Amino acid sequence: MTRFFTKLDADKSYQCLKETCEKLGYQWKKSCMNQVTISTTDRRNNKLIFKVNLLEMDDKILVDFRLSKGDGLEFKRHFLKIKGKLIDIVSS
């Protein structure tokens, strides 16, 4: 449940997501133009690392979040915090 479609194209979805995570204080590292590793330190000082993939799916951009390291529910909560911060680009 950590994925959603956007109302934007690949590079505007990549851009809106990047600043949202950078404003939230998450580290933003790129992989292959639509693959990004996001890192932060969650409540109680544990490292939280998850990856994002922006893929085109039927004339829409799907932003998928995959937990890489850290607590699962803190991942689910950090995803919901990101989704809320850019809820205006989230497609129905």
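Numbering starts at 1 and runs along the sequence shown.
- [ ] Please rank the C-alpha B-factors of the chain's modelled residues and tell me whether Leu55 sits in the lowest, middle or highest third.
- [x] Highest third - that is where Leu55 ends up once the chain's C-alpha B-factors are sorted.
Task: For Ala10, the third of its chain into which the C-alpha B factor falls - done: For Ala10, whose C-alpha B-factor we compare with every modelled residue in the chain, the answer is the highest third.
Open item on the list: Considering every modelled residue of the chain and its Cα B-factor in the PDB entry, is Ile49 in the lowest, middle or highest third?
Closed with: Middle third.
- [ ] Could you say whether, by C-alpha temperature factor, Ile87 belongs to the lowest, middle or highest third of its chain?
- [x] Tercile = lowest for this residue's CA B-factor.
Task: B-factor third for the C-alpha atom of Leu62 within its chain - done: Bottom third by C-alpha B-factor.
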